[PDB]
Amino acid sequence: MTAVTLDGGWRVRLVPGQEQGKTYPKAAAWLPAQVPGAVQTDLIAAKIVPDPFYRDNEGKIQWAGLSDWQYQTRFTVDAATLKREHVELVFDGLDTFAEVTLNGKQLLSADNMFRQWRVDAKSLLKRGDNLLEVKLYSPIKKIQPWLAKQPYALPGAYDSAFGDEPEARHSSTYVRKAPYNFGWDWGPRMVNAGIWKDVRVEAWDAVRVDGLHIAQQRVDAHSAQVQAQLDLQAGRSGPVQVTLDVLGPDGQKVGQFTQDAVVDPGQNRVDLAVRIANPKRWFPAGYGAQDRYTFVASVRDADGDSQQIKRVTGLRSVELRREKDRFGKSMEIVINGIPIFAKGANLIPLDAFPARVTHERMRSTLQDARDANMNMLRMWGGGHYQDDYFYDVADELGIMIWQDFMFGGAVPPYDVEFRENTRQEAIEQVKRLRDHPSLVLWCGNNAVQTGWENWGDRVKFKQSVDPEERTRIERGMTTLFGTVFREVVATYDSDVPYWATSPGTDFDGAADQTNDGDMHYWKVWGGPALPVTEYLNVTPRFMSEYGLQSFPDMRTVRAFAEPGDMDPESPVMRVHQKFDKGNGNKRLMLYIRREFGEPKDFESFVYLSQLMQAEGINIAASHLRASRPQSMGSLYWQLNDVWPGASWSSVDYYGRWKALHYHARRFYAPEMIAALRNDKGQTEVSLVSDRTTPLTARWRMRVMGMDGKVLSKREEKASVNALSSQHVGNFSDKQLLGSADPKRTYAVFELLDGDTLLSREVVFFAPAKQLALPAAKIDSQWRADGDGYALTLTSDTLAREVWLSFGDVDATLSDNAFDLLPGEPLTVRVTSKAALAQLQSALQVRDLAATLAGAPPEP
C-alpha cells in the first residue's frame, strides 16, 4: 500500500477563449499554482492582482470567480507501482465544477467542494511521464444562463455587490460549495476555484483499508462497550487477520484483541467487540479530563502483507434531553449524564481562502475559545467542514462541536440529483469526523426553516408560486434536512443526536420558539434594532445565535487601511463594513451613540464599538446563564473572522482579542455572579455555578459614590447547588441608591469562595454618556516576570473599561478591558518578545471617562 501526493509541479491558466484573457494576458499564460490552494491566491502570489484584503482591492479579483481555469501537472509512475493490482487517483477536494483528464483521456467529473473523488487510473497511466489536467468552471458562469430561464429562482443568500449576478437570483443555492465564498455580511466575495485539498496516487494489491470506526455502544462510569469497525475493500477473496491494540489515556496497554476473517471482492467489515471496565471518560472543558484511548488495528491480508490504522477516541455518552416542564420543553446537551449549559459561540471559516490556513491558526482559534471558558463552538453551516487537525485540537482542549452540515440558509432545490450529491457528501464527512469525541451534535443547516417562515423574501416567494409547487419545495427541504442527513448520522455515528435545523424544533413544529428547541435572536442589532436591555426579556430554551458588531483591533485596522482612510465613512472603511449592503455603519453608530454618544476620534470610535459589543453581550450571556434551567445554551454570533474588517467576532482575523473576549472569560466563568439591571430600575442578582459539587460561597454588595465614598456595604453566606443558578437579589434603584444621584453612583457585586474572589460585576444606573465618571490617574508599574513581564495598574479613582495597547508593538495580555476600583491594584501578565524598555515607552492606557471627555454632541 503506497500513497504518493501530487503536491509539486502544478501550474494554472485561464481556459483559452475568454474575455478575461485579453484583460489579463499574464493569466492567459501559465503561472505557478499551489496545491492545495486557490487560483485567487495563485494570482495574488503572481502579482496579477493585488491583495484583495488591503483597502478597497476586493473588487479587483472578482473576475477570477467568473472565469474558467485550467490546472496542469506532470508526474511519473514507477514500474513497481504499475505492477500493483490497483492504482487509483484520489482527489480530496475540488472546488467545485471540475473536469479532470489523464493523458488526454476522460478521468473524472466532480461537482461537490466537500466530496472525495476516487477513480481507477491504472489503464490510463503510462510508464513514467503522465499529464494530469483539471479544468475548473465558474459556478456563476455555469449556472446563471440556466437560471435566467427558470420560472423562478430560489431564495438564496446575499446579492453581489459587484452586480455580476442578478438581484435575488443567486447561483450559490444550486451548487454544493461553501456558502460564504459568495460573500456574507462580515466577509468579502471570494468565489474560489481551486484544487483546495490534496491529490494522491494510491496503489495496493489484495486489500485496501478504507477506515476504522470505534462505535460506542454504551458508555457510563461502570463500563464502556464499543465495537472496533474495520472497513476493507478487497480485490479478491482471501483470509485476513486483524489485531487490535488498545492503549489507555496514560499510554499503558488496556488489551489486545484478534479476529480472523475471509474477505470477498468489494466491501467488507470486520468487527471487534471491546469492553473497557471503569473507563476514563472524555469530558468537555470545565467538567473533567479530556481522556482519550488509542485503538491500533493491524491487518494482515492474504498475501501476508500488514497494514496499520489508528484512531484516537474519547469515551463519552451524548444525550439531547428534551423533557416537558414549566417553561415548555427543554433543550439540553447531556455529556456523561451531566447536563451541560452550553457556553460558547458560533465558529465560521478562519479565512476567505481556506486552503492557506495553518495548523497554528486552527489551534489558537480553539485555544481562544478554551481561554474564555467556552465548552462549545457551533460550526456554522455557511462555511466548510474543518480540517482533521482542527477536530483533533477540539478533542484535546475539550471544546464540544455543534457541527452544521454546510447549508447556510438558502432554500435548496428538490431534484433527486442534488439530494443524492448532498447525501454522498454527508456520508463522507460523517465518516471522516465521527471518531472525534468533541463532535457531539449534527445539525442539518443554518436557519433554513426560520427563514422560510419569517423572512419577508421567503414568505412572499412561497406564496407567489402555485400551492402544489410550494408543497414540492417544502417536501424537498423536509426530506433533505429531516430524512437524508438524519439517516446518515443514525447509520454512521449513531451515538450522537441529530438536529434538523438551527434554530428549530427538529421539524416537530415551527422554528425559532422560546419554549421548545433553540433560537436565533436578532431583534437586537437586526430588525427593529431594540436596545440591549431587551436581552433581559428573551429567554429561549437554548440560544444558538445572538450578537453585536464591532471593529477589530487598531493593529488590524492599520493592516488593511492607510492613515487617510481612518474614518468610518471613508470608502475603504465602508468596504470593510459588510452589514446591510455597505450601510452597516449606520446601525453600528446607532448602538454606540445610545450608550456613549458621539465618539471624539477614530481610535475612540473603535474602542467604543468594542465596549458597546462587550457590554451588550455580557447582559444576554449572564442572563441566559442565570435563567437556568429555563435556558441551557448560549452561543453568541460570532467567535472569529475570515478577513480584516467589521464583524460580530470577539477575536479578529489576526487572532487579536476584542474587549468582548476578555469579557467572555468573565461572564462564562464556572462560578459567576450576575447583577443585571432592567429598564424598569430593577437589578436582579444571581449566583451561577457549573460545579458538580455544592458551592459554599459568600457574596458581597457595595454601593459606591464616584467621589469614593461608601454608601452601603453588605455580605451574605450562600450555599449554591451544583449545576444551578440561585437568585439572591432583586433591588429597585431606590433600594440601592435611596435618593442618591444615579449619575454619580455605582454598585459592586462580588462572589467569594472562602477568601478567594471568583467573580465581580460593576453596575451603573444610567448610560455611560450621562454619568459623571471621575478623572482617573492610573499608575503603572513594571517588573521582570519570567520570560514575560508583570504590569501592575493602580487607579486613584474608579477607572472604567481600561484598555491596554502598545501601538504597533505586538504583545499579549492576561487581562484587558477591566474596571479599576479606587486604590485597588491589578496586576496583568505581559507576554511579548520585545524588551522591557520599548514596552514601557509604547504602553497606551485608555479608559472610558477619559474617552468620553471632550466628546462632541450627537447629530
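The first residue of the shown sequence is 1; numbering continues from there.
With 199-207 and 471-479 compared on mean CA B-factor from the PDB entry, the stretch scoring higher is 199-207. Mean C-alpha B-factor is higher over 125-133 than over the other stretch, the pair under comparison being 588-596 and 125-133. In the deposited coordinates, the residue among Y535, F542, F75, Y174 with the greatest CA B-factor is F75. Highest C-alpha temperature factor among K717, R275, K460, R628, as the PDB entry reports it: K717. For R236, the recorded CA temperature factor ranks within the middle third of the chain's modelled residues. Ranked against the other modelled residues of its chain, the C-alpha B-factor of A817 as given in the entry falls in the middle third. Among the modelled residues of its chain, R321 has a C-alpha B-factor that falls in the lowest third according to the deposited record.
Among the modelled residues of its chain, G65 has a C-alpha B-factor that falls in the lowest third according to the deposited record. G381: CA B factor lies in the lowest third for its chain, per the PDB record.
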